[PDB]
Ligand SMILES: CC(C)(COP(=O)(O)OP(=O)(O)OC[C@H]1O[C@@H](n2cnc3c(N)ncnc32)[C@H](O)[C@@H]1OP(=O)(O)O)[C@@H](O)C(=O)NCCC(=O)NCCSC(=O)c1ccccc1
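A single chain, nothing else alongside it, follows as structure tokens in the form solved without the named molecule.
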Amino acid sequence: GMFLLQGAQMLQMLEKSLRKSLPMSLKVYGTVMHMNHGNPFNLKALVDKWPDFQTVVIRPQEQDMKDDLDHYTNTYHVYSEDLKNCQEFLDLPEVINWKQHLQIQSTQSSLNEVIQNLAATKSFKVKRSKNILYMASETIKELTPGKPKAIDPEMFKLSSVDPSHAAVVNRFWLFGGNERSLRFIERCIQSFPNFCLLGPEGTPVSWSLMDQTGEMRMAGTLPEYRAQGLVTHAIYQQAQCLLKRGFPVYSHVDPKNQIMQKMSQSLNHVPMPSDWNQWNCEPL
């Protein structure tokens, strides 16, 4: 079937049900937690059956998805208990619009075969980004049962990124650098907590953001400030505020990037048995 969840009662039930499938449901779980805190990205939760769903999809509003090329906006979050059920659900045109450039995100790598099967029936091609999934030790103990190196406090001050400095984050985001990606960063900075270290001139020199899934995202440093462990400070603070607000602390790292794996380990972030995945889909 296909059901659109409506109202806090249903969205809170969905959040609680997904808690039982962490960490593989984490990408969806974090997204639903933010829908339950004002739904700033105007998303909707779809399931194949209620209350005992097999497949959940979080998707944006059709009339916000006016630009077929805006894969940052055209993002879907998926978790499924039954791969055949998932393929039948994602085949429904009200669930996913495969005619656009889009992103599917999940911490469930087994969805790869569902997406490859639908690429063959829905006339799209796929490029998969697979990264290591980290979670804070503290989040692991609560949901699925560590400090930075000292820097000079006269040199660096903790703050948050002003929306007027989105451009710097976007400038150094290696999956961004363009206008559509800037607009996505601006929505993340407007909607969700973020931390930066200000340099001696009072502008952001390192930063940690969050997106609509609750994941820590888009960490970076000004080139002149690299190799000083400054991003560790921004991510540590971001993580501390998430813990305090009762949200999961999670992130991902490219297997190539040993500096960010080491930094993750230094903050007691643990690599998980689930992977981080983004399937970039566009029509043939």
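One rule holds for the numbers: they count along the sequence shown, beginning at 1. Here the rigid core means the biggest group of C-alpha atoms that line up within 1.5 Å when the two forms are laid on top of each other.
Q. How many residues sit between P145 and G146 in the deposited sequence but have no coordinates: none, 1 to 3, 4 to 9, or 10 or more?
A. Unresolved stretch here: 10 or more residues.
Q) Comparing 153-161 with 88-96, which stretch shows the greater average C-alpha B-factor in the deposited entry? A) Comparing averages over the C-alpha atoms only gives 153-161.
Q) 12-20 versus 260-268: which one carries the higher mean Cα B factor per the record? A) Result: 260-268.
Q. Which listed residue, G30, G220, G38, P60, has the largest C-alpha temperature factor in the record?
A. Of the candidates given, the C-alpha B-factor peaks at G38.
(Q) Sorting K66, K44, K49, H252 by Cα temperature factor from the record, which one lands on top? (A) Answer for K66, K44, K49, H252: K66, with the highest C-alpha B-factor.
Q) In terms of the chain's CA B-factor thirds, is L4 lowest, middle or highest? A) According to the entry, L4 has a C-alpha B-factor in the chain's lowest third.
Q. Considering only modelled residues of the same chain, in which third does the CA B-factor of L174 rank: lowest, middle or highest?
A. Highest third - that is where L174 ends up once the chain's C-alpha B-factors are sorted.
Q) Going by what the PDB entry lists, where does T203 fall on CA B-factor within its chain: lowest, middle or highest third? A) Top third by C-alpha B-factor.
Q: Select lowest, middle or highest to describe the third in which the CA B-factor of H71 falls within its chain in this entry.
A: Lowest third, going by the recorded CA B-factors of the chain.
Q. How does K130 rank on Cα B-factor within its chain, lowest, middle or highest third?
A. For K130, the deposited C-alpha B-factor lands in the middle third.
One more form of this protein exists, namely the form deposited with the named molecule bound; it is left out here, but the text below deals with it.
Q. Using 4.5 Å between non-hydrogen atoms, is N268 touching the named molecule in the entry with it bound?
A. So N268 does not count as contacting the named molecule.
Q: Answer with yes or no whether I259 is in contact with the named molecule in the entry with it bound, where contact means some heavy atom within 4.5 Å.
A: Yes, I259 is a contact residue.
Q.
Contact with the named molecule in the entry with it bound for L18, defined as at least one heavy atom pair within 4.5 Å: yes or no?
A. Residue-level check for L18: no, no contact with the named molecule.
Q | Proximity of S251 to the named molecule in the entry with it bound, heavy atoms at 4.5 Å | A | Contact check for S251: yes, within 4.5 Å of the named molecule in the entry with it bound.
Q) Taking the named molecule in the entry with it bound as the reference, which of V231, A239, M35, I58 has a non-hydrogen atom within 4.5 Å? A) Checked against the cut-off, the match is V231.
Q) Which of 46-54, 222-230, 66-74, 27-35 has heavy atoms within 4.5 Å of the named molecule in the entry with it bound? A) The contacting stretch is 222-230.
Q: Taking the rigid core as the superposition reference, indicate whether the CA of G229 shifts 2 angstroms or more between this form and the one not shown.
A: For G229, whose C-alpha is compared between this form and the one not shown after core superposition, the shift is 2 Å or more.
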